[PDB]
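Have a look below at one chain only, the form deposited in one PDB entry, in structure tokens format.
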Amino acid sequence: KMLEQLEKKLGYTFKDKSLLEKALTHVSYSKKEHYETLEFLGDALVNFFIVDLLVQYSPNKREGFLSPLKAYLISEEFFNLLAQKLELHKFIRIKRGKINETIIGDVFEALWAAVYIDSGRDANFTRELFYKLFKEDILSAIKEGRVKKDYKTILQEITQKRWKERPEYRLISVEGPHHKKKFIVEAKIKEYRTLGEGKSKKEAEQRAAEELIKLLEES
């Protein structure tokens, strides 16, 4: 029907269109035929394609660089960017749900498992379809790759270097409805203390940690 329109974006024609439909169906829309298992298989397939390239083109091939980068190139956030070219929102089948960024990420992966199977489990061919559509995007993403350490990690590495000690984080208070909480955390190392807040302990512990870092860059 309109599937033929997605097959054109992919540049591949299924023999079993029921297969392609499964990749596009959420659990809410059909309890029997949905993408959950194909997403399982898709994860592997795609992780493998990404890793294949990463290893060939990465500028820095250190474990500490490669892992953080691979984690991003394989993340939901990154698959939503690649999935734009395919306009999945108009093909996905869902009942009373809202096609969020989680869904898209899952159908994206499931879609690749779907083409693999349909192509008689041909891994090279599928790896080719994928590169034909995303290599450029991935190669550039890699070219400008950057490990972005989070505050907690940073702070912890400063205090261990300087004093060989780790900061402490203690919960000061919690407020709001259970589905809408606000946490106030305290970060402390030595006699330096700072607070932080956010929708979760970690988010709050993070904010508190950024402030302690600056509180130390100054003292």
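Quick note: we count residues from 1 along the sequence shown, nothing fancier.
If you look for the form deposited in another entry, you will not find it shown, but the lines that follow are about it.
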I'd like to know if residue 167 and residue 211 move within one rigid part between this form and the one not shown. yes
Residue 80 and residue 198: do their C-alpha atoms lie closer or farther in that other deposited form than in the form you see, with a change of 3 Å or more? farther
Comparison of CA distance in that other deposited form with shown form for residue 80, residue 149, at least 3 Å: closer
